[PDB]
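Engineer: Chains as they are written, first to last, in the UniProt record's numbering: chain A, 46 to 377; chain B, 46 to 377; chain C, 46 to 377.
C-beta: ideal position from N, C-alpha, C; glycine also.
Right, I'll just put the structure down here and ask away after.
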Amino acid sequence: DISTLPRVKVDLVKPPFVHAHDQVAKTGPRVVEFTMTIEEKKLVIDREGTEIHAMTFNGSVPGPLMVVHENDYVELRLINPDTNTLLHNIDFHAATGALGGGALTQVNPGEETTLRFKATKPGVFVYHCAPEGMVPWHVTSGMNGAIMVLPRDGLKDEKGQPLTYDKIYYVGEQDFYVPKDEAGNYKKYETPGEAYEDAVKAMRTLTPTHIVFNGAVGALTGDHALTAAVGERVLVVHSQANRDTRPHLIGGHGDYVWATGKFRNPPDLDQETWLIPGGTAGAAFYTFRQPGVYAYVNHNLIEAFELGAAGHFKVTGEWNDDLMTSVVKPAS
Amino acid sequence: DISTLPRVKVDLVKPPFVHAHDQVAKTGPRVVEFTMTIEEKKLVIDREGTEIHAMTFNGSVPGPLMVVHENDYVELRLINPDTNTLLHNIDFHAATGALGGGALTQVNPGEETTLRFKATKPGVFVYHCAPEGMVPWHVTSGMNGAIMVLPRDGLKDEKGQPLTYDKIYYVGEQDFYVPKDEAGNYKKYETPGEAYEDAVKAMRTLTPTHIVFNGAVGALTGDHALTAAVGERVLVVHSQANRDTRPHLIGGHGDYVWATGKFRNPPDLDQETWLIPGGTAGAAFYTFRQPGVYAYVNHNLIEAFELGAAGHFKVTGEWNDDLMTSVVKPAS
Amino acid sequence: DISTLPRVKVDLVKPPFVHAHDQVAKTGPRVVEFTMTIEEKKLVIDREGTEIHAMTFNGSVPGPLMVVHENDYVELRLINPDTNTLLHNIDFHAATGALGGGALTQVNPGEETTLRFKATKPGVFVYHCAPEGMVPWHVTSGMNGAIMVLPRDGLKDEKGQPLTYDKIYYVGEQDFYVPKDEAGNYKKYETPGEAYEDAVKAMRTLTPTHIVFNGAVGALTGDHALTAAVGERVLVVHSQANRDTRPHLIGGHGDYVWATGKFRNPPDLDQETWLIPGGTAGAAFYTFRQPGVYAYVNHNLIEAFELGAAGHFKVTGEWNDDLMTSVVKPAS
Ligand SMILES: O=N[O-]
Ligand SMILES: O=N[O-]
Ligand SMILES: O=N[O-]
Ligand SMILES: O=N[O-]
Ligand SMILES: O=N[O-]
Ligand SMILES: O=N[O-]
Ligand SMILES: O=N[O-]
Ligand SMILES: O=N[O-]
Ligand SMILES: O=N[O-]
Ligand SMILES: O=N[O-]
Ligand SMILES: O=N[O-]
Ligand SMILES: O=N[O-]
Ligand SMILES: O=N[O-]
Ligand SMILES: O=N[O-]
Ligand SMILES: O=N[O-]
Ligand SMILES: [Cu+2]
Ligand SMILES: [Cu+2]
Ligand SMILES: [Cu+2]
Ligand SMILES: [Cu+2]
Ligand SMILES: [Cu+2]
Ligand SMILES: [Cu+2]
C-alpha cells in the first residue's frame, strides 16, 4: 500500500556533484520525490565559441544524477515551461514498461506530468528524452542523465565484502554533431527548430564534431577539476546515452569496475580502461595512492585531446617513492 | 564411430523465427543434417526503394539460425545453383580447423559440397561467407547468419539453476554500405559484379548507409513485430558479423545476458544495454512484466532511428501499476 | 629497502616475439632493468609504398613487450638521441602516479632519463608516449607498446588451476591516419614536424586510413607468419592504444580470454571474438587442435581485409577428421 510509505523530497544538484544520500539504507522503502524542469538554452561548447541549442533536464548537460535504493519508488514531476518550444518526455532505463516511461510523459510547452516507477534492479542507468520521431536529436542535444539505484546494503566487492566510497562524482559524456557549411565552419541558428534537417544530416555521418564531459571542452578543469586526497575512495559514475566510450584514469586504475553498471554482478578488478557501451552508465571505484594532477579521459585519444573528452582530478597528500620515483631526472 | 550415430534432418525456417528444437537433449549425440541454398537476389532495404544485390544463405538476411547440442555433429549440404554468378563458401565460428570450414566449401555456381564438423563448444556463434579476396563484400551484402550450440542440459543461470525459455527469436543485424554518386544518391547496378570497386570504396569509409534488422528498415514492425505475453520468458539471439552493436529493449532489460554469447560463462545480470562485438553472436533472456509496445534497438540512437536498427515487440496481458504508473497525466 | 633487492638486466626483442621470462617466479621480487631508445624513422606501411614518419620505441611498431612479475620494480632507462627531432616521454598504464610516469620522463633530443615504478597489479597493460599537447599524434604515429605483469605463481583458469603457455606472441595493432590531398592521394613530408596540422585534420575524421599488425599491411604473413604445432598452448597478447578492436582466430577460438587483460579476474571461456577497448591490452590462450593456415584478424572485416588488420598462423601436425571433415568435396 503506497499511501502508507514515507515520502522524501530530494533537491538535485548540478553535475559533477551528486545529491546527499546514504549508501546503506537507514529506512525501509520510500517514495522518493524529484522535480525536474526542462530548459532549452544556448550553450557554448568549445574555446572557439561554437554555440548550440541545447535541450536540458534542469539546465545542465548532463542532467543531474538521481540516487535511490533498490525497491524504492521514484516519483518524478517533470515540468516543460511555456518558454520552451519543443515537446519532450523521459525514458528511464531503470524502469519497466511504457518505453521506460516515455509513452506516459509527453509534455508540450506549458505542461507538466508526474510519473512513478518502482526501482526493481540495482545499478546505474541512463535516462534520456525520447520523443517519437526525434529521439537521437534530443539525446545528442544534451537531453540525458543517469539514475543510481543502490542495493539496500550498499556496494560489495567480488568477495561480497562492503565497499564504501568517500566521494562520488558523475561524469556525463556527450557526443555533439554540430552542422557544418561547405568549407567546414559550424552553422548557427536562432531557434532549435531551425537546425532540424541540418542536424539530421550531421548525425548521419556518425562522426561527432565534439565529445565533451559536463557539457563543454575543458568543463572539468582548472577551478572545476575534480578533487580528492590520498587515501580517499572515490566512485566515478560515467554515462554515455548514445555512443561507446572507454574511460581511463591517467596515472591510476579502476580498482573495481562495473563497466555496464549493474551491481548484482561482481566488479572487474584492476582495470586500465573499460568500455561503457552507448546507452549505458558504468561506475568505477578507485582509492588514490599518489598526489598530483590526474587526467580522466575517453581513451580514444583523438576523442579525448582533440574532440574534448578529458577532465582533471587534483589530488592532495603525500608522495610515495616506493610506487614511483624518478631515478635520474631528464638530462643530456 | 560416426556411422552408428542417429541422423536427423532439420528443415530450417526464416528469421526471426527458429526451427523446432529441444533445450534439454532428449537423445544422445546425433549427426544433425541441414541443407542451405545460396541465393543472390535484389533486395529493397529502405522506405525510399533503395535496392542492393544481396548475397544470401537460404534467401534471407540474415541466414537462418541452426540449433544443435554440444557434441552433436553438424552436417551441412551447401548448394550454389547455376543461376548465381559468384563463388561462395561458409565459415562457421563454431567449428575448429580449415578457416571454420571456409577452406573446404568453395562452391562455384552449379556446385555443391557437404561439410561435417563437431560442435565442441556451447554458445551462439556467427557463420558467414568468406571467399579469398572478397570477404567483407560478401558479409556486408548479407551473407551471414548464426548457429546455437546448446549445452546438453540446457541453459543455466549464474548460480547453475536451469533457465528455460518459452519463445526464442533471432535478430540478425546488418551493416550495408550502398555506394553513392557525387551528390549523395545511391547507385544501382544490373549485376553483383558491376558494383565491386564502388562497393570497396563505400566500405573503406567505415560508415554504413543502412543498419537493419532482418534485412530491411522496418522489417520487425507492424504485422511483423515480435510477440510475447506478460510472464513469458524470451531468449533473443542477436548477431553482427562485421560491426559492434549495443542492443537495448526499450521498457525492459536483459535479465540474463551472454553478451559475447558463450554459455560456459555465467550471464551478466540486469543489463540495460550490452555490447556485442562485430564478428560475434550474443543472447539475452528476459521475462516480460508489462504489456504494450517495446522497441528493441541498437542504442547508438542514430544507428537505430536514422539508419534502421530498430524493431518492435508487441506484448499482451495485464498492466501492473506497482511497477509503473502515471500519477498526474500530462496537463497544463 | 630497494638497494638490497637483486637487479636483473633484460635485453628486449622485436615484436611479435617476446623476451625470455619465467611464468612462475623462480626468485623473490627484483628490480628489472630495461633500456629503450626512441627512434623517429620513415616506415613503409602498405603494398602501394605509402610512407609515414613513425615515432617508435626501440625501432619497432609496436614497441617491445616487457615482462615482469607482480611486485617487481621496473626500472627503465629511456634514451632520446639527438638525431630525433621531437620531445617524447612514456606513460605506463601499469604504473601509479605522475600520469603513469609521463610527468617525469619528458626527454628532449639528446637527453635520457631513468624511471622506476612498482608493478602492483597483474595483467597486460599499454604503455605509450604522451607529450603535453601532442598526445594522439605520437600514439597514432606508432609510439606505443605493452607490458605484462605476471602473477608470481603464473596464470590460472576460472577454477584457479594453473594455465601454462608453450609459446607467447605479441600483436600490436596500429591505427594510422595518413593525410590525403583533394583527390584522396596520401601526402608525403620530409620531416615529422611538417605533417603536424595535416595530421590533426586527418585524426579528427576518426577514420583510419590503415589498421595494421606489427607496423605494416602483411607484416605477420609469409615468412613472418606466427607458428605453432598441434597440441601447443599459445598466449597471444594484443594491444590497441587508441581504438577498439575485436580479435578473432579464423578456424579457432579464444579458449581462455582476458579481453581487458587483468589477471585477477577469471577468464572468459570459449570466445569466438572479444572486444579489446582502445587504450587496453588483452590476452587470449588457445590450444591448437588442427594443422594448417589460420588467419588472426580484427573482425570488423573491412578493417581486416581492406585496411590491413590481418595476420597468419601456420600450424604443423596431424589432421583430426572427427573435428572436421569434407564429406563431399565441391563438385557439379
Ligand atoms: O509548465 N507547467 O507547469
Ligand atoms: O555507438 N558508437 O560507439
Ligand atoms: O566509437 N565510440 O567512441
Ligand atoms: O595514459 N593515457 O593516455
Ligand atoms: O553490469 N555490471 O557490470
Ligand atoms: O548446384 N548443385 O546442385
Ligand atoms: O566494428 N565496428 O564497430
Ligand atoms: O560502431 N559500432 O556501432
Ligand atoms: O530508451 N531507449 O532509447
Ligand atoms: O561469452 N559469453 O558471455
Ligand atoms: O641521448 N642521451 O643519451
Ligand atoms: O575508439 N574507437 O574504437
Ligand atoms: O571502432 N573500432 O574498430
Ligand atoms: O571467420 N572469419 O571471418
Ligand atoms: O580484465 N581482465 O579480463
Ligand atoms: Cu527532449
Ligand atoms: Cu534508451
Ligand atoms: Cu558469398
Ligand atoms: Cu569470421
Ligand atoms: Cu613521442
Ligand atoms: Cu593512456
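How is the alpha helix (DSSP H) around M248(C) delimited, first residue to last?
Structural biologist: Position 203 of the third sequence holds residue 248(C). 237-249 is the extent of the alpha helix (DSSP H) around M248(C).
Engineer: Could you list which residues in chain C have their beta carbon closer than 7 Å to that of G168(B), in chain order?
Structural biologist: If you number the second sequence from 1, residue 168(B) lands on position 123. Going along chain C in sequence order, the residues near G168(B) (Cβ under 7 Å) are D315.
Engineer: So, at 7 Å on beta carbons, what are the nonlocal neighbours of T72(B) in its own chain, with the 5 sequence-adjacent residues on each side left out?
Structural biologist: For the purposes of this step, residue 72(B) is taken as residue 27 along the second sequence, with counting starting at 1. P51, listed in sequence order.
Engineer: So, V223(B) versus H255(B), is the Cβ gap smaller than 8 Å?
Structural biologist: Reading the second sequence from its first residue, position 178 is the one you call residue 223(B). Reading the second sequence from its first residue, position 210 is the one you call residue 255(B). Yes; because the gap between Cβ atoms is below 8 Å, this pair is in contact.
Engineer: Could you name the residues of chain B that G323(A) contacts, counting a contact when the two beta carbons are closer than 7 Å?
Structural biologist: For the purposes of this step, residue 323(A) is taken as residue 278 along the first sequence, with counting starting at 1. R291, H344, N345, listed in chain order.
Engineer: Tell me the rounded alpha-carbon separation between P74(B) and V245(C).
Structural biologist: Your numbering for residue 74(B) matches position 29 in the second sequence. Your numbering for residue 245(C) matches position 200 in the third sequence. If you draw a straight line from the Cα of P74(B) to the Cα of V245(C), it is about 58 Å long.
Engineer: Under the assumption that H114(A) contacts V63(A) (Cβ atoms under 8 Å), give the Cβ distance between them as a whole number of angstroms.
Structural biologist: On the first sequence, residue 114(A) is found 69 positions in, with the first residue counted as 1. On the first sequence, residue 63(A) is found 18 positions in, with the first residue counted as 1. No, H114(A) and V63(A) are not in contact; Cβ-Cβ is about 14 Å, not under 8 Å.
Engineer: What residues come near ligand 11, if near means a beta carbon less than 7 Å from any of its heavy atoms?
Structural biologist: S377(A), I124(C), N125(C), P126(C), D127(C), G155(C), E156(C), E157(C)
Engineer: Using a C-beta cutoff of 8 Å, does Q206(A) count as contacting chain C?
Structural biologist: Position 161 of the first sequence, counted from the start, is the residue given in the question as residue 206(A). Judged by the 8 Å Cβ criterion, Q206(A) is not in contact with chain C.
Engineer: Consult DSSP for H138(A) and reduce its assignment to one of helix, strand or coil.
Structural biologist: The residue given as residue 138(A) occupies position 93 in the first sequence. Three-state result, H138(A): coil.
Engineer: Quick check on the DSSP output: what are the complete alpha helix (DSSP H) runs of length 4 or more inside the segment 184-269 of chain A, in order along the chain?
Structural biologist: For the segment 184-269 of chain A, whole alpha helix (DSSP H) runs of length 4 or above, ordered along the chain, are 237-249.
Engineer: Where does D220(B) land, buried or exposed, given buried means 16+ other C-beta within 10 angstroms?
Structural biologist: Here residue 220(B) corresponds to residue number 175 of the second sequence, with the count starting at 1. If you draw a 10 Å sphere on the C-beta of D220(B), you find 16 or more other C-beta atoms in it, and that means buried.
Engineer: Hey, out of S284(C), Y301(C), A349(C), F350(C), whose CA is closest to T318(A)'s CA?
Structural biologist: Locating residue 318(A) in the first sequence gives position 273, where the first residue counts as 1. Of the candidates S284(C), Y301(C), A349(C), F350(C), the one whose C-alpha sits nearest the C-alpha of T318(A) is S284(C).
Engineer: Under 7 Å between beta-carbons, which chain C residues line up against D367(A)? List them in chain order, please.
Structural biologist: Start at 1 with the first residue of the first sequence, and residue 367(A) comes out as number 322. What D367(A) touches in chain C: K163.
Engineer: Put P292(B) into one of helix, strand or coil per three-state DSSP.
Structural biologist: Translated into positions along the second sequence, residue 292(B) becomes position 247. Strand at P292(B).
Engineer: Hey, does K307(C) have any beta-carbon neighbour from chain A nearer than 8 Å?
Structural biologist: Numbered from its first residue, the third sequence carries residue 307(C) at position 262. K307(C) counts as touching chain A.
Engineer: Measuring straight from C-alpha to C-alpha, what distance separates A354(B) and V152(C)?
Structural biologist: For the purposes of this step, residue 354(B) is identified with residue 309 of the second sequence, where counting begins at 1. For the purposes of this step, residue 152(C) is identified with residue 107 of the third sequence, where counting begins at 1. If you take the alpha carbons of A354(B) and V152(C), they lie about 49 Å apart.
Engineer: With a CB to CB cut of under 7 Å and the five nearest residues on each side skipped, what residues in its chain are close to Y301(B)?
Structural biologist: Here residue 301(B) is taken as the residue at index 256 of the second sequence, counted from 1. Answer for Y301(B): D202, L208, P312, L314, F330, listed in chain order.
Engineer: Is the beta carbon of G187(C) less than 8 Å from the beta carbon of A99(C)?
Structural biologist: Translated into positions along the third sequence, residue 187(C) becomes position 142. Translated into positions along the third sequence, residue 99(C) becomes position 54. Result yes, Cβ atoms of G187(C) and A99(C) sit closer than 8 Å.
Engineer: Would you say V171(B) reaches chain C, if we count a Cβ-Cβ gap shorter than 8 Å as a contact?
Structural biologist: Your numbering for residue 171(B) matches position 126 in the second sequence. Yes, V171(B) counts as interfacial toward chain C.
Engineer: Count the other CB atoms within 10 Å of the CB of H269(C); is the residue buried (16 or more) or exposed (fewer)?
Structural biologist: Here residue 269(C) corresponds to residue number 224 of the third sequence, with the count starting at 1. Label assigned to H269(C): exposed.
Engineer: Quick one: which unbroken alpha helix (DSSP H) runs of 4-plus residues sit fully inside the segment 319-373 of chain B? Chain order, please.
Structural biologist: 346-350
Engineer: For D136(B), is the beta carbon positioned less than 7 Å from some heavy atom of ligand 19?
Structural biologist: One-based indexing of the second sequence puts residue 136(B) at position 91. Yes; taking the cut-off as 7 Å, the Cβ of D136(B) has a heavy atom of ligand 19 nearer than that.
Engineer: Pick out whichever of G296(C), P181(C), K54(C), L280(C) has its Cα sitting closest to the Cα of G306(C).
Structural biologist: Numbered from its first residue, the third sequence carries residue 306(C) at position 261. Ranking the options by Cα distance to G306(C), first place goes to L280(C).
Engineer: Taking only beta carbons into account, state which residues of the segment 324-338 of chain B come closer than 7 Å to chain A, listed in chain order.
Structural biologist: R334, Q335, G337
Engineer: Does the beta-carbon distance from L320(A) to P181(C) come in below 8 Å?
Structural biologist: Taking the first sequence and counting its residues from 1, one reaches residue 320(A) at position 275. Taking the third sequence and counting its residues from 1, one reaches residue 181(C) at position 136. No, the Cβ-Cβ distance between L320(A) and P181(C) is not below 8 Å.
Engineer: Would you check if the distance between the CB atom of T101(C) and the CB atom of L123(C) is smaller than 8 Å?
Structural biologist: Position 56 of the third sequence holds residue 101(C). Position 78 of the third sequence holds residue 123(C). No, these two residues do not count as a Cβ contact at 8 Å.
Engineer: Which runs of the beta strand (DSSP E) fall wholly inside the segment 90-153 of chain B and span at least 3 residues, in chain order?
Structural biologist: Scanning the segment 90-153 of chain B from its first residue to its last, the whole beta strand (DSSP E) runs of 3-plus residues come out as 96-102, 111-114, 118-125.
Engineer: Could you round the C-beta distance between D136(A) and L149(A) to whole angstroms and report it? I think they count as a contact, below 8 Å.
Structural biologist: Counted from its first residue, the first sequence places residue 136(A) at position 91. Counted from its first residue, the first sequence places residue 149(A) at position 104. Wrong, their Cβ atoms sit about 10 Å apart, outside the cutoff.
Engineer: Just the C-alpha distance for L131(C) and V338(A), rounded to the nearest angstrom, thanks.
Structural biologist: Here residue 131(C) corresponds to residue number 86 of the third sequence, with the count starting at 1. Here residue 338(A) corresponds to residue number 293 of the first sequence, with the count starting at 1. Their Cα atoms are separated by approximately 24 Å.
Engineer: In the DSSP output, what is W303(B) paired with across the bridge?
Structural biologist: Indexing the second sequence from 1 puts residue 303(B) at position 258. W303(B) pairs with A328(B).
Engineer: Secondary structure at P375(A), three-state DSSP: helix, strand or coil?
Structural biologist: Start at 1 with the first residue of the first sequence, and residue 375(A) comes out as number 330. Of the three classes helix, strand and coil, the one that applies to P375(A) here is strand, per DSSP.
Engineer: Would the beta-carbon of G323(A) be found less than 7 Å away from any heavy atom of ligand 2?
Structural biologist: Start at 1 with the first residue of the first sequence, and residue 323(A) comes out as number 278. Result yes, Cβ under 7 Å from ligand 2.
Engineer: Pull up the CB-CB distance for residue 379(B) and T266(B), whole angstroms please, since I reckon it's below 8 Å.
Structural biologist: Since the displayed chain B opens at 46 and closes at 377, residue 379(B) lies outside it and no answer follows.
Engineer: Using a cut-off of 8 Å between C-beta atoms, extract the partners of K201(A) located in chain C.
Structural biologist: The residue you call residue 201(A) lines up with position 156 of the first sequence. None at all; the shortest Cβ gap to chain C is about 16 Å.
Engineer: Just to confirm, does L280(B) get its C-beta within under 7 Å of one of the non-hydrogen atoms of ligand 14?
Structural biologist: As a working note, residue 280(B) is residue 235 in the second sequence. Flag unset: Cβ of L280(B) not near ligand 14.
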